[PDB]
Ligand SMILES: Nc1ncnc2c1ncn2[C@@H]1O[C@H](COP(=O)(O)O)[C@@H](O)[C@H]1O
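As a starting point, one isolated chain is supplied in structure tokens, in the form solved without the named molecule.
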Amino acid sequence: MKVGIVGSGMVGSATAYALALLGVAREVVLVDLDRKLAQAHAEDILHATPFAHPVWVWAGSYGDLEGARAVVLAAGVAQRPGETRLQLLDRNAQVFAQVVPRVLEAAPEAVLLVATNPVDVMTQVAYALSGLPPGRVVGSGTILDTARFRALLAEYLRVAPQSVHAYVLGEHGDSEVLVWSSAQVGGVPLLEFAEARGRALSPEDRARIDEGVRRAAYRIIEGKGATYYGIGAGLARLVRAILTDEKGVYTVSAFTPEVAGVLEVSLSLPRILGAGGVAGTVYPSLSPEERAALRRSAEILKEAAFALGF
């Protein structure tokens, strides 16, 4: 099986590396206008393979994507000095204008996995451009936020992260909604479990955890300018779910007909992920307060998309 990655910067290359070391696919192809860059990463990654799993890793053009079951779009351009957010958006939206049709020409059955920030808008862009059914185009969304939510809650409760089933919904960013109400730990509603552990989730404890999720990427950016290792592994896990027809639930971004009363918007909800992309979308049980917050997040996103021309 073959996976494509368009954009061979730190995010695309870290994804390719995680795919290789975890042996997710037999073939991994990197595409980037900076040909020498994609080649250099493909070569560096190929050289890791004898220490792990056999993977044909190479750099090529869109034609090399033929047969790809998933293609990761990590093709965000580098922000110029004093360019501002909205300008960057346009440039990136225009890159996608060139990338999407050329990917789908070579790999007409590919699931598209958008990584480019802001993921929700870019997922909307990719969806619109693709002309594909809504489930075929997915963005990394809140996948890392959700994992981080579980990790912090797990530390708080003194249990394994794998036992904590909690979600982050909506925008990958400031308006993300931590869903406390219907969270569970090893089958136990979170409230009953916290009590069993001598923990009352005070509003101040939850506030602590909330900020911990929201601010996570901040220290990484501050310390080295960009994050890629975390997201690389997250994308590799999503690719695995697609390629293996897993039908496991992930919080990823996708075009959504209606959510919390807002219409036609791309954002994160728990979704069943398999061979054709999203196999079905789940709408979690929310408290009135969480619903209001999701509504606000969707409104923020809808408006940001509309403003771009989408």
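Note that residue numbering begins at 1 and tracks the sequence as displayed.
A second form of this protein, the form deposited with the named molecule bound, is not displayed here; the remarks below concern that form.
Participant: Sort through 124 to 132, 208 to 216, 191 to 199, 92 to 100 and report the only stretch with a non-hydrogen atom within 4.5 Å of the named molecule in the deposited bound form.
Facilitator: That would be 92 to 100.
Participant: Out of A275, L37, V282, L46, which one falls within 4.5 Å of the named molecule in the deposited bound form, going by heavy atoms?
Facilitator: Answer to the contact question: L37.
Participant: Exactly one of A293, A18, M10, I300 has a non-hydrogen atom within 4.5 Å of the named molecule in the deposited bound form; which residue is it?
Facilitator: By the 4.5 Å criterion, the partner-contacting residue is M10.
Participant: Within 4.5 Å, heavy atoms only: does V31 come near the named molecule in the deposited bound form?
Facilitator: Output for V31 is yes: heavy atoms within 4.5 Å of the named molecule.
Participant: State yes or no: in the deposited bound form, is some non-hydrogen atom of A75 no more than 4.5 angstroms from a non-hydrogen atom of the named molecule?
Facilitator: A75 belongs to the contact set for the named molecule.
Participant: Any chance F255 has a heavy atom within 4.5 Å of the named molecule in the deposited bound form?
Facilitator: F255 lies outside the contact set for the named molecule.
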